[PDB]
Amino acid sequence: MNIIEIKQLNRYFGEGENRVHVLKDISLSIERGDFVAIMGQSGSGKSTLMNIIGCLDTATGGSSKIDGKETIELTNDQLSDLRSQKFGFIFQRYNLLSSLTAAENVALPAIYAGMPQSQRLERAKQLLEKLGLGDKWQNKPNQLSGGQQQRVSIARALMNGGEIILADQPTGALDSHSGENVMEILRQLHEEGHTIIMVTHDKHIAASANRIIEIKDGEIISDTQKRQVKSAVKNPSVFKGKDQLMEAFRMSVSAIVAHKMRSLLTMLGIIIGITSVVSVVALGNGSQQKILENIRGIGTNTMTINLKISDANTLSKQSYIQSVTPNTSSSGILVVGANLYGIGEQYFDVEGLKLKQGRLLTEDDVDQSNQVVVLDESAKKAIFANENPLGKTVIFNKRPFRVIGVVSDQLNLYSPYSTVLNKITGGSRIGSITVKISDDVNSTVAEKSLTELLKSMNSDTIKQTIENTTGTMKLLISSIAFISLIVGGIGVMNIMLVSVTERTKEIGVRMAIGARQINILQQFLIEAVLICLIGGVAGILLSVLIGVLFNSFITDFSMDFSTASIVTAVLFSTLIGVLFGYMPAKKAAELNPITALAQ
Amino acid sequence: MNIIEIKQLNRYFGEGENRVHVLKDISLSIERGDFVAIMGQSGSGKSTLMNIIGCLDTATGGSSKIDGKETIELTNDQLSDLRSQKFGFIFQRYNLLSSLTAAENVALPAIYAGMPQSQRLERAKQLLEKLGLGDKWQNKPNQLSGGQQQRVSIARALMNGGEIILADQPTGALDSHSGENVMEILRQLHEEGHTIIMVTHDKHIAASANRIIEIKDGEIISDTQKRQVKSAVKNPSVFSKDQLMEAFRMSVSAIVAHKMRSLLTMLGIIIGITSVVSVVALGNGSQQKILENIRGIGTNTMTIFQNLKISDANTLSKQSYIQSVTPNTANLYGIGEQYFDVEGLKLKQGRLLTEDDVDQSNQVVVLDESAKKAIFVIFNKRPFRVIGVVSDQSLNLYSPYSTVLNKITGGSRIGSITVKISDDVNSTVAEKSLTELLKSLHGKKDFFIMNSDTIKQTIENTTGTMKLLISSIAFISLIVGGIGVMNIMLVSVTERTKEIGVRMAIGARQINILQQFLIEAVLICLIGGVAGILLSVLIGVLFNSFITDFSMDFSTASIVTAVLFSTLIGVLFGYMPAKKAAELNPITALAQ
Ligand SMILES: Nc1ncnc2c1ncn2[C@@H]1O[C@H](COP(=O)(O)OP(=O)(O)OP(=O)(O)O)[C@@H](O)[C@H]1O
Ligand SMILES: Nc1ncnc2c1ncn2[C@@H]1O[C@H](COP(=O)(O)OP(=O)(O)OP(=O)(O)O)[C@@H](O)[C@H]1O
Ligand SMILES: [Mg+2]
Ligand SMILES: [Mg+2]
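Protein chains in written order, with our numbering: chain A, 64 to 662; chain B, 2 to 593.
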C-alpha cells in the first residue's frame, strides 16, 4: 500500500522553558512510487521531518513506519541497512568528507554495501558524468564550488541505487541548466520505479513532482496531487543478518595519511611515553651499578678467624669464599741508610689493596719463603722519599729484604707468612686466617657456615650499606619510573581523546550513508593499533639510539636497558592508546547521525 | 566615477597538470551605488571574483582597485579596515561560529570595529528582527535550519553598515517570502546609497538589479544596464585597553566553549610540572640518604705522622676547616680529648676520657668492644681503672697521652697529630693549607702528612653520578612534558584555523587574533601551573608520610624551571599556529 506511514508524530527540542514544539501531531502517508515535493517557510520543520523519515533522527512521540515496519522497534544493524539501500539522502548542507576526492565521496556508501572497488569508481565516475562533474572527479570538496559539492552529494545518494530518494533542497545552489539536468535525472528515476521526496522552494522544480505538501509552523497545510499514482508491489527487502576488514584496513590507512599531523603527533606521543620510561629505568640501573661499585671499592667484607695452612687451603675451595689469607706479624727494627706483616698469596685481594708500583707477592715467593717485601704507600714515601724503591733493599732484624712493589692503605711491611715463620720468628703456628666472603652470599649465613665447615669475628659494614643503598636506589628508580609511565600515558590519552573526537562528524556521515555500528569500530581500532605499534616500534628503537648516543659520549656510567621496562612501557602505551582511540569513536557511532552531525 | 575597477584580472588554482585557469582576462568597472547581479553556470568563477573584490583572496595577475586605490598595495591593517567598514559579506556557505549564539554571531564584526557591548546586542537583535529571527536570537547555528543560518549571516554582513554588500547567493535556502523580505532589505540599502553586488541563479532576484552580468568559463559574456546610475558622491576614507578587555572576554568564552580541549591542555601542563618536580625531589631525597649512608661508614682525617708540641694541635683545633684534633702516642693508645670524635667511635657504656683525666694524667682506660668482651687492670705493673667502652672499627686500649708519657713510657715527645677535616672543605686544598698553616709556626719536620679521605672521595664520586642521574631524567621528564603540551596545544589551535578565517574576513585585525589566543594560553597556562606546583606538594606530603626511608626534599629551582618552561612552550605553540593562520588569505583559512 504505502511506503511511508507517519501518524501522530511529535517532535521537541530543548529543555523547557527553553523547549520548542517543532513537529506537531503531523500524520502523513506517502504512496509507493510517488514524486512528492515538500514546501514551506524557512525553519518550519521540513528537514526535521526528512531526518525522521530517513532514520537519522527519532521522533519524540508517534509512529513512523517504512514498508509498514515500525522504525523505532527495528534493531541498530537493521536501521543501517535501510540507510544504505532503501534511503538515498541528499543533505541540505552537502555533508561531504573533506579528505576524500569527489569520486571517493560518491562511492563511500557502496563500500558498506559491499561491492568490489573496481566497480565503484567507474560508477561513481559515471554518476559525476551525468551530473556534469566528470571533469572534476579527482577534486576534493574544498576544491569545488558549492554547486559542484551539491551535485557530488547527489551522486552519492544515487550510488547505492536506493529505492527512496530523500532530497533536502537538492537544487539550492544550482543554475537553471545544471538544475534542470538534475531534475531530468530524478524524473527518469521516478519513471524507473523510484520514490522521490524532495524539499525545495523553487516552484519550477516542484513542478516535476506529482504531489506537493506545504508545511508551516510544525503543521501540514496543503496536500495536492495532479494524477492518481500507479500501483506498485513492494521490493523484496534489504536486511543482512572477512572482506569487510580488508576494506576497513584500506580506509584506516588513507585516513591516517590524510591527517598527517594528528597521526604523526599521536604516534609521537606514544614514542615518548615509551622511550622516557625506558631511558630513566636504564639510567637508573646504570647509576646504581656505579654507586654500588663505588661503595664496594671503599673496602671489603672479611671474616678474621690449631689453625694450619691446610685449613685456609680448603677454606679457599668454596664459592662463598673468593680469597683467603694466612696471617702472622712481627715487631722488630728496620734499617736503611716497625711492623712486618706475614701475609698470604691473596691478602691484597682480601683487603682490597690495589697495586701501585711493581708487583705483589706471587706464589713462588710464599713457597720458597722469599725475603721480598711489599711496601705500604705511607712507609714507602717515608723511607725512600720520592725515589723509586723498586729493587732496593731493607733490613728487618739484621735480615735483608728486596722491595718488590707498593700498595695502598685502608711503618707497615707485607712479606709472606712462610718468610716470617722461617726467617724472622720461627715456629709453625700462625696468627689467624682471614677470608673474603662473596658479594652475593648472605652475611650472617656464612658466619654460621664457617663455624660448621671448619669444626668439621667478621666485618661487614660495606655489605650493609650496599644492601641498604640498593633498597634506596630501588625506591628511587621504582617511583620515578611510575611517574614517567603515568605521565606518558596521560600524554597519549590527551592526544588520542582530542584527535578522535575531532571526527565525530565523520562518523555521523558514515552512519547516515549506510555504515553499521561495527564498521566504525573496525577502522578506528585498525587506525589505533596501526598507529600505536608503529609508534611502538619507533619507540623501542628510538631509545636504543639514545642509549648508543649516551654510552658513547658519557663516561661516568653506562645506560643499561631492562627488557622488562621495554615490554611494560610498550604494552601500556598501546593498551592505553587503543582504549582511548576506541572509546570515543564508539560513543559517536551510537548517536543519532544528526546529533553526531551537529558537533 | 567607479567604486570598483578591475582590469586584466586573471586567477589560477593548482599545480599543472592539477592547475586550472578560473578567471580569464576579465575587465569589469562597477559604478558607485549600482545594484549588480552576477549569474552563470555552477563553477564558472563567480564566488572567486566575489572573494577578490571583498579582499578575501588575491588575483594571480591584473589590477583590482577599490575607490581607485590598488588593493594588493594596501597594508594588512588597511585591508582589515575595508573588511570591517567597506564590505559586508554574505558567504554562500554561511560560515558561522558554532559556539556563538545567533545574536553573538551577528555582533562579532562590531567588536573589531569597537562598539560598546550593550549597543551591539540590541542592534544585533534588531537586525535579526528585520530578518525574522528575533525568536531565535539565543540559538546557536546548529540549533537553526539552513535558511535561518543564512539569515543570521545576512544579518552579520549588515552589522557594520558597510558601503558595499557582497552577497553570494543570499536567498538560496530561503522560501520566496523570506527571500523577498531579504530583497526588500537590499533594495532599501541601495536607495540609501549602498552599492550591491549579488550572485544568484534566481531570475526574479536578478530582475531587482539594474545591472546583470553573466560569467561562463571564467569570462564575462553579458553586461546589461537598465537605467543609468545615479551620480555618485565619494565617501570618506575609513582607515588597546578596551580592545584587550574585549579579547579577554572572547578568550574566556572560547575556553569555556571547548571544555575538553582546555581541561586536557591544562592537565597537560599540570603533569609537565609535577613530573619534573617530583623526580628532582625524589632524586635529591635519595641522594641525601645515600650520601649519609656513605659518610656514616667512616670519617676523613689527616694524621701528621720529633718536634711536635701540644700547642701545635692546640692551634690546629682553632680552625673552621678542622673540627677535632688528637695528640697520639697488649696495646695502650695514648690519645687525646676528642679522639672518639675524630675517628667517629661512639659511646657504648660508661664515659669517655674527660678533660680532668688528661689534665691530671689519670690512670683510667677506655676499652675496645673486642678487648672488653674478652677480658671481662694492670698494664706494666701499673693499675688502671676502667671507665668505658667504644665502637670497634692484639688487645686495644685507650688512655690519655698525658698518662702514657708520665706513668708508662716517659719523654715529652709525642707520636703524631690527627685532625678531622671538615665535610664541606675541599680535601687537596686542606692538604696544602695545613702545610702552610703549620709551617707558619715553623714546627717542621715532620709534616709528613697522610690523608685518609676515601669517604670524602666516594661521596664526590657518587654525587657526580647522582647529579648526572637527576640531571638527565629531569631533562627527559622535562622534554617529555614539553612535547606533551605541544601535541595537545598544536592540535587545539590548528583545530580552529577556520574560526580565524571567519574573524579575519568579518573584520578582525591580525593583532586582534594574537591578543585572544595569547590570553587563551596564559589564562590556561597559569591555572594549570598553580594546579601543578601544589599538586606536587600534596604528592610530597603523601610520600613523606608513608615512606620511612628518604624524604622527598623539593627544590625551589626546579619549581621555577618547570613552570616557566611548560608555559613558555604552551604559549609559544598556542600563538605560532594562530598567527600563521591570521596571515593567510581568509578564504585559504576557511578551507580546512
Ligand atoms: N582549490 C582549488 N583547486 C582547484 N580548482 C578549484 C579550487 N577551488 C575552486 N576551483 C575551481 O575553480 C572554479 C571556481 O568556482 P567558484 O568558487 O567561483 O564557484 P561558483 O562559480 O560560485 O559556482 P556555484 O555557482 O556552484 O557556487 C570551480 O570551477 C572549481 O572547480
Ligand atoms: N538543536 C535544536 N535546538 C532547538 N531548536 C532546534 C534545534 N534544531 C532545530 N531546531 C528548530 O527546529 C525547527 C526545524 O528546523 P528545520 O531544519 O526543519 O527547518 P527547515 O524546514 O529545513 O527550513 P529550511 O528551509 O531553512 O531548511 C527550526 O525552527 C529550528 O529553529
Ligand atoms: Mg532544511
Ligand atoms: Mg558560489
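Heads up, the beta-carbon is just placed ideally off N, CA and C, and yes, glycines get one too.
Residue i burial status per 10 Å Cβ neighbour count (16 or more: buried)
i        : result
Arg212/B : buried
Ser43/B  : buried
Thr102/B : buried
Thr419/B : buried
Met314/A : buried
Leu171/A : buried
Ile525/B : buried
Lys446/B : exposed
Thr258/A : buried
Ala125/B : buried
Ligand 3 heavy atom lying under 7 angstroms from the CB of residue i
i        : result
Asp231/A : yes
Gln155/A : yes
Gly242/A : no
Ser146/B : yes
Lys109/A : yes
Unbroken alpha helix (DSSP H) run spanning residue i, endpoints
i             : result
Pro110/B      : 103-112
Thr562/B      : 559-583
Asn52/B       : 47-54
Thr535/A      : 524-564
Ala401/A      : Looking at the DSSP string, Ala401/A is not in any alpha helix (DSSP H), and its letter there is neither H nor E.
residue 723/A : Here chain A covers residues 64 to 662 and nothing more, so residue 723/A does not appear.
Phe447/A      : 440-447
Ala269/A      : 266-270
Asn348/A      : 323-359
residue 596/B : Nothing can be reported for residue 596/B: it is not among the residues displayed for chain B, which extend from 2 to 593.
Under 8 angstroms between C-beta atoms of residue i and residue j
i        : j        : result
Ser107/A : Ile268/A : no
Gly349/A : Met622/A : yes
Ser279/B : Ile546/A : yes
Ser501/A : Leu370/A : no
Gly79/A  : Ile334/A : no
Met330/A : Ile597/A : yes
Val483/A : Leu438/A : no
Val262/A : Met64/A  : no
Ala582/B : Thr498/B : yes
Residue range of the beta strand (DSSP E) that includes residue i
i        : result
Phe76/A  : 65-76
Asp231/A : 227-231
Ligand 1 heavy atom lying under 7 angstroms from the CB of residue i
i        : result
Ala38/B  : no
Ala236/A : yes
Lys25/B  : no
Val169/A : no
Ligand 2 heavy atom lying under 7 angstroms from the CB of residue i
i        : result
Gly103/A : yes
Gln149/B : yes
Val83/A  : yes
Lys137/B : yes
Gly79/A  : no
Cβ-heavy atom distance, residue i to ligand 4, below 7 angstroms
i        : result
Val200/B : yes
Select from the region 158-180 of chain B all residues with a C-beta closer than 8 angstroms to any C-beta belonging to chain A, and list them in chain order.
-> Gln170, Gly173, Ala174, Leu175, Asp176, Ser177, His178, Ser179, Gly180
Within 7 angstroms of chain A by C-beta, residues of the region 477-488 of chain B in sequence order = The region 477-488 of chain B vs chain A, Cβ under 7 angstroms: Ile477, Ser478, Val481, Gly482, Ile484, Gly485, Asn488.
Closer than 8 angstroms, Cβ to Cβ, to anything on chain A: give me those residues from the region 463-475 of chain B, in chain order.
-> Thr463, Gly465, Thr466, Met467, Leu469, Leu470, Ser473, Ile474
Under 7 angstroms (Cβ pairs) to chain A, residues found in the region 533-545 of chain B = none
When you check each C-beta in the region 26-43 of chain B against every C-beta of chain A, which residues fall closer than 8 angstroms?
-> From the region 26-43 of chain B, only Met40, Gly41, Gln42, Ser43 have a Cβ closer than 8 angstroms to chain A.
Could you run through the region 490-504 of chain B and flag, in chain order, every residue whose CB is less than 8 angstroms away from some CB of chain A?
-> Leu491, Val492, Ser493, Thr495, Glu496
Which of the residues in the region 280-291 of chain B, read from start to end, lie with their CB under 7 angstroms from any CB of chain A?
-> From the region 280-291 of chain B, only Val280, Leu283, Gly284, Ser287, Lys290, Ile291 have a Cβ closer than 7 angstroms to chain A.
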